[PDB]
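One chain comes next, on its own, written out as structure tokens in the form deposited without the named molecule.
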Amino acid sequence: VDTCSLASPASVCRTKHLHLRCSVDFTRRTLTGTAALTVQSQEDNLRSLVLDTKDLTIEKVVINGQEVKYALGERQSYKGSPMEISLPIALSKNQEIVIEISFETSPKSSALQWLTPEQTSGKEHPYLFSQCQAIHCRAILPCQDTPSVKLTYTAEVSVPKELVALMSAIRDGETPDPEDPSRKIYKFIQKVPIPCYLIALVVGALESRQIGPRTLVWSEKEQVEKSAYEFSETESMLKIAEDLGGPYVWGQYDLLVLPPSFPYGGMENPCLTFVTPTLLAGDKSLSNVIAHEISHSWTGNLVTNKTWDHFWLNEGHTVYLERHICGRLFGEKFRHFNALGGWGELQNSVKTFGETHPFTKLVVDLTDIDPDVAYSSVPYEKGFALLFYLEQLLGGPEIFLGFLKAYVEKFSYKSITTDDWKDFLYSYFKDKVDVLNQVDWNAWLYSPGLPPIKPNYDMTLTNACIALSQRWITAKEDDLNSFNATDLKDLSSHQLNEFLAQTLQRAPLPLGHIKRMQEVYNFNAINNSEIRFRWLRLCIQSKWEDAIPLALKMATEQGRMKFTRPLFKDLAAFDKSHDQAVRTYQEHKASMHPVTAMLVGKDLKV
């Protein structure tokens, strides 16, 4: 049972196809049109069904060319309102019908952000983008909003003619809108069955540049050239992903670089990955996020978690493939360096939540929990830790990558549970069952806190980061003079970040140490968002008032939750910046992404 969905379950009826016909109304901040759902009964004598909705206005529901009865139920908080439809004729098992729903979205849709022209790069045109994961699709259109159901889709989207529409689908042409010559209709086809959380839309002043045989980069013109360079490894990473995972089935692999308020590093929308502009470091150093999004083309998009309780299946396998792609590109010592970094990130997560907290379990129970509230590094890093440990238990990366390919193959176009994964693991490694039987499954899958066993990690690239961090932590005032710009001489940007992550784990440091770091290392000058993020965190946590405006600026000039949430949190916890932090949030709140606005609000207890 999917405890995040109010719709009829897959055992009752299945959506097979969505045809979406809509217009994007920027003056009203609404999407208006029709969702025609092709629905297959899984039951005998089916007379009604329920769909998820959230903040939708339903005009009418039509089956066989006649309006039918429906009802919207009481709102259930973040789940929205169940929509029961009365079918005009009882269906037998496997019978399919088309249900056409006339709807309009609300300006407050939790799936959508609408930006004024001034919130964009060009300053001339407004911009819309969606983000449906986990359960925000109901906020765009009525649907069985559960990843246990996979469907194909087609769409025609009417937009102001000077603007461009894109979706998580193959572009299927454009014409002027016969009903309004100030408009264009963009058309789309997604013929690979997908969970509805993968439905995506952007409308804006978009341009494109080709960067590979099957990849265009899209953004506002101001960002095109930089994006093309930053993401040029994309094809090389695809070929590696295909070798590890099997054929890329989705046709194109385009990238869209969003405006700065996009809430995540990336979103694996099929045919069109969405990424944050915080990746634009200028040197391709944040490309693991591309490797990650590519990897989802197999783990997540082909093999899908059945409910959000098993999100780790999506994230853990993706991070595992991610790290392999980067290891292939940059060497096994680097994969290990990043693997160990992730364990670091997990200690952070477990420390923040508390070692007994329910969100630190690998498999969570989302009954009455908002997924956006439960969301964290845990499913990513505890999932990865599990796989890396199993990798080391069963004979190394070559062997376990055999399993990953078999696993993807076995479960393509399907939605699965942790038990499905574990069943197949045991079947695949039948001759290694005794060894599999040594794993403390109950602790790994169901217990809170750090895993019962830490994997083995090569230390090569990590040592210098630990060594420098230890020098700073153990230093007294008369040692500060010994620190010097040349300390960083042989460290890559990755290592600079790990050094800062190491140090941040022991924060606060004395204020004088942190001032000295700025003096000798000039971290204030680094634009790499991962580094700047951790450095500003260390500064605020060490009570440096100078850093207050820098932290406020980064928190608000971009909206990647990864960065924005802990920066506001740090600023709220520093007494000198507490008032300004609350004030700043309150001022930006209306113009933020709705999910980000919601979470920063809870975070700040405002």
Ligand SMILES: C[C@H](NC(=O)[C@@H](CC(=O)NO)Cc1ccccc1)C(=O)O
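Numbers for residues come from their place in the sequence shown, where the first is 1.
There is another form of the same protein, the form deposited with the named molecule bound; it is not shown, and what comes next is about it.
- Three-residue candidate spot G265, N288 and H292; every residue lies within 4.5 angstroms of the named molecule in the deposited complex by at least one non-hydrogen atom.
- Remark: of stretches 60-68, 40-48, 576-584, 555-563, the one touching the named molecule in the deposited complex is 555-563 (heavy atom within 4.5 Å).
- Residue contact check for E230: none of its heavy atoms lie within 4.5 Å of the named molecule in the deposited complex.
- Although the partner is absent here, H296 is a contact residue: one of its heavy atoms lies within 4.5 angstroms of the named molecule in the deposited complex.
- Interface membership of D254, defined by any non-hydrogen atom within 4.5 Å of the named molecule in the deposited complex, is ruled out.
- Using a 4.5 angstroms limit between non-hydrogen atoms, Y380 touches the named molecule in the deposited complex.
- Of the residues given (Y375, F403, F334, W472), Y375 alone sits with a heavy atom within 4.5 Å of the named molecule in the deposited complex.
- No residues of 335-349 lie near the named molecule in the deposited complex, the criterion being any heavy atom within 4.5 Å.
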